[PDB]
Amino acid sequence: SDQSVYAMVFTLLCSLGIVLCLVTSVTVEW
């Protein structure tokens, strides 16, 4: 490439990735 929509979708996908990293890291050690 509005850039605000790109930043919003990028932030949402980053936050979902952080949560999924937490779930994977907990589940393997469990």
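The rules behind the values
- Residues numbered from 1 in each chain as written, not as in the entry; some residues may be left out.
- Part of a larger assembly, values for the part shown.
- Heavy atoms only, no water.
- Helix = DSSP H or I, 4+ residues; strand = E, 2+ residues; numbered from the N terminus.
- Buried < 20%, exposed > 50% of the residue type's maximum accessible area, 1.4 Å probe, protein only.
- Areas by Shrake-Rupley, 256 points an atom, 1.4 Å probe, with all protein chains shown as cover.
- Polar contact = N/O pair within 3.5 Å; in protein donor to acceptor, adjacent residues only side chain to side chain.
- Disulfide = S-S within 2.5 Å.

Listed as the method for this PDB entry is cryo-EM; the listed resolution is 3.19 Å.

A. Structural context of the overall build of the protein chain. The number of helices and strands found in the protein chain is 1 helix and 0 strands. Counting only C-alpha atoms, the protein chain reaches 45 × 10 × 5 Å along its principal axes. Buried residues in the protein chain amount to 0% of all 30 residues. A total accessible area of about 3000 Å² is found for the protein chain, and carbon and sulfur atoms account for 77% of it.

B. Structural view of the environment of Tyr6. Secondary-structure assignment places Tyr6 in helix α1 (residues 3–29). Residue classification places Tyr6 among the exposed positions, given a relative accessible area of 53%. Separated by 11 residues in the primary sequence, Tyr6 and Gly17 have C-alpha atoms spaced 16 Å apart.

C. Region of the structure containing the environment of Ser4. Structurally, the position occupied by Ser4 is in helix α1. Put simply, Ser4 and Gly17 are 13 residues apart on the chain and 20 Å apart in space, counted from C-alpha to C-alpha. At a separation of 2.9 Å, a polar atom in the side chain of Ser4 contacts the side chain of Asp2.

D. Summary view of the state of the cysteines. Inspection of every chain in the model, using the stated rule, returns 0 disulfides. There is no disulfide at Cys14, and the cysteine sulfur nearest it, in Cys21, is 10 Å away. Here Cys14 falls in the partly exposed class, since its relative accessible area comes to 39%. Residue classification places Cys21 among the exposed residues on the basis of a relative accessible area of 52%.

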